[PDB]
């Protein structure tokens, strides 16, 4: 299992983008379809994992565990214990003999319920990222899980979702104000567009792989406002407009 590292200290637009590119490279199978990296196939019951070690402002680390098949978070390590989402397959070889099982899955529906907060109302940026790392670093049972789910909402979006979509990466990059010194870090919240993009990752991935002449057999509608939807009908649009950056293998 490989490890990709990211440190909040000194973060620039460039350093965040370099992190995500390194992450995509190591998540990827090394083959590409329509110029977008293809994630590995799930092979039998074999677990194909990747570590992402993140350091907060005080140089305190946690380690996310990602499934390379879908680029998604399945567990994290904090202070020499692993914490698993409820649906994460057991792996004592990696997680130890007695990791802590959280009571929730990694779906946004579940995370938001446990966090008691919709992700439309959760700030995303480098400061939230650092806070999420610190919160996971310090949390231990028997404390209520609220802040764990909240922190994972932040982390999953700033690691997995930005790896999947350069359009989401760009929102982050647009808020790393590195043309000034000291660097300033602003926040945004995802709205209807980003949320619908996240939900459509599998659909978009499949359509790219099934495309004939680069054209989608089933064009994908994406919300741009509460009232309106645009249609993604080809690989060029998926790559250019959505910044689709990793493909879930179909």
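Positions refer to the first chain, counted from 1.
Peer 1: If you take the mean CA temperature factor per stretch, which one wins between 110-118 and 161-169?
Peer 2: On average, C-alpha B-factors are higher across 110-118.
Peer 1: Per the record, averaged over C-alpha atoms, which has the higher B-factor: 29-37 or 62-70?
Peer 2: Taking the mean B-factor of the alpha carbons in each, 29-37 is higher.
Peer 1: Between 179, 131, 93, 103, which one tops the list for Cα B-factor in this entry?
Peer 2: Of the candidates given, the C-alpha B-factor peaks at 93.
Peer 1: Divide the modelled residues of the chain into thirds by Cα B-factor and specify which third, lowest, middle or highest, holds residue 4.
Peer 2: It belongs to the highest third of the chain when residues are ordered by C-alpha B-factor.
Peer 1: Rank-wise, by C-alpha B-factor, drop residue 12 into the lowest, middle or highest third of its chain.
Peer 2: Bottom third by C-alpha B-factor.
Peer 1: Taking the chain's C-alpha temperature factors as the reference, tell me which third residue 57 falls into: lowest, middle or highest.
Peer 2: CA B-factor rank for residue 57: highest third.
Peer 1: Please say which third, lowest, middle or highest, residue 20 falls into when its CA temperature factor is compared across its chain.
Peer 2: Ranked within chain, residue 20 CA B lands in the lowest tercile.
Peer 1: Would you mind ranking residue 137 by its C-alpha B-factor against the rest of the chain and naming the third, lowest, middle or highest?
Peer 2: Middle third, going by the recorded CA B-factors of the chain.
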